[PDB]
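Just below is one structure, and these are the notes that go with it.
Just so it is clear, the values below take in all heavy atoms, side chains as well, and ignore hydrogens, waters and symmetry mates. All chains are named by letter (A, B, ...) in the order of the sequence lines, taking the proteins before the strands, and each is independently numbered beginning at 1.
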Amino acid sequence: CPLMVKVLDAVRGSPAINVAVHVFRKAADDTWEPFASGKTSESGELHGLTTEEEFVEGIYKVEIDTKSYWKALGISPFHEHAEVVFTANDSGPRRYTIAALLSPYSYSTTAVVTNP
Amino acid sequence: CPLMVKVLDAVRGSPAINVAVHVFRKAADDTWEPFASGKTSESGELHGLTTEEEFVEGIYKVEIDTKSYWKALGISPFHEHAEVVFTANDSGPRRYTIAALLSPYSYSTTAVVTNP
Amino acid sequence: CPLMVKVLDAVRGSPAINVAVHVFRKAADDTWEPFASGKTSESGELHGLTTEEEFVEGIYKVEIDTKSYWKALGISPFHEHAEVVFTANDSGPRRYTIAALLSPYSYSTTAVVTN
Amino acid sequence: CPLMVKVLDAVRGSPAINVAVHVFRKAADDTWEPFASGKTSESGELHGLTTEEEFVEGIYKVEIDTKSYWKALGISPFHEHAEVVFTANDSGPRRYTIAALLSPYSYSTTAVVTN
Ligand SMILES: Cc1cc(/C=C/c2c(C)c3ccc(O)cc3oc2=O)cc(C)c1O
Ligand SMILES: Cc1cc(/C=C/c2c(C)c3ccc(O)cc3oc2=O)cc(C)c1O
């Protein structure tokens, strides 16, 4: 449960369902290594991306595939994706919720970081 | 469960705890009648404001006491409160989540409306 | 001069044009007295609401008529209006910009207060 | 002319001044090639990044160095940077403003695309 992604739709007033999410981790050579991926559920949430063993310290990028989401709804949006880049677990394990609120030409994102 | 309020703190990356919330409903004479009130919990959520019987159609105002929240934290913020005003239940009962993301000089708010 | 309102549309990626904006000042009896109003321009801005002489310290409310905006574009929105309620304070910077970014079920607002 | 970046601070209610901004263009091999860069002005704006001739259709990334901004103000932030990735499209309006509103653990971004 150390990483969860929650996505909301500001046009519909609903969870953003079936949003693809790709997580990357910066490697020692400075490239972005694929780390985990998944899709938001009916409630706009994506659980089960990783484990506390696997989710070591590092710089992580959470790519939320907003264009793919809006295009699947037959809408032409502005952004390719929403990217959230952050250092994680560098003071020990934390739990991270990455939330995003989507519109066709805009988005908001926040983090909720909790210490278990 | 027809009305829930969720409040997040964009400075801390945490739920906004102990935020006072006052709900009003517009009366037939156009005044704002007190309807319900409460405080956010440790998880930034406020449940139990009303019931499906009580939460009839109307125009509702959810006042989130952001100044009181920031002042209790010893911070001087810009806004007096965040107000969310909406018509509810006019196509039959719905469930409403009013979410707000707070900063000292800014806030975001959204609604998630679901049909039970 | 001391107060400007700027409104943007997050669905179309544009200024929000021809949006009605009403400003009120809180009176001694806690009622909201009309203070100034207008409609946003082609750039989504509303200038000339007040003057330094008139814009004394106190609590003000800026009401942005978002519902009518969305309905005029053929879209059904959630809110009746967006409300921004704040205290004008002489000790802080002199010029207030109240900005709002609109979606059908959401809005963001910020204040940019400068000298 | 065709691209402007505007950055605001939601903690202080001000423009975000002296923020480094880097623009990249996606190359044919999917790498990000440096395109333009600068630091925001006293009004939080960065003008003069490119010209109409240079700003051809394609995918661009605007990276805003938010971490350094917050640290220079003595504040610990969440993100490494804020990223805005979009396609420039000739069929749409000609001028792009990329706006960002910053908090330590959050940001909002919008596009205002006009003629
Ligand atoms: C106004 C606004 C609201 C939200 C909502 C965030 C969250 C929301 C809405 C949320 C809702 C339900 C739940 O079980 C857990 C949740 O966790 C959240 O972080 C997120 C952003 C970025 C925003 O600008
Ligand atoms: C509530 C909120 C406000 C803004 C403000 C954007 C702009 C603002 C505030 C702006 C202000 C003055 C000006 O001369 C030009 C401007 O252009 C803008 O795009 C931008 C975001 C992302 C947001 O969430």
NE2/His79(B) to OG1/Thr109(C) distance, rounded to the nearest 0.5 angstrom? 5.0 Å
Chain C interface, residue from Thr66(B), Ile59(B), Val85(B) that has the most non-hydrogen pairs under 4.5 Å: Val85(B)
Under the salt bridge (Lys or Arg N to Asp or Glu O under 4.0 Å) test, which residues partner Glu45(C), sequence neighbours left out? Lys6(C)
Please list, chain by chain and in numerical order, all residues satisfying salt bridge (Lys or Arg N to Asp or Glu O under 4.0 Å) with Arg25(C), sequence neighbours excluded. none
What's the spacing between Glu83(C) CD and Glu63(B) CD if we round to 0.5 Å? 8.5 Å
Suppose we screen for ring pair (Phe, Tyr, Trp, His ring centres under 6.0 Å). Which residues come up paired with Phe86(B), at least two apart in sequence or across chains? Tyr96(B), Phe78(C)
Listed by residue number, which members of residues 100-108 of chain B have a heavy atom under 4.5 Å from any heavy atom of chain C? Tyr105(B), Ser106(B), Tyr107(B), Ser108(B)
So, the part of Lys61(B) with a heavy atom under 4.5 Å from chain C: the answer is neither
Give, as side chain, backbone, both or neither, the part of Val112(B) having an atom under 4.5 angstrom from any heavy atom of chain C. neither
Take atom CD of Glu57(C) as the centre, draw a 6.0 Å sphere, and report whether it contains more than 12 heavy atoms from other residues, nucleotides or ligands. yes
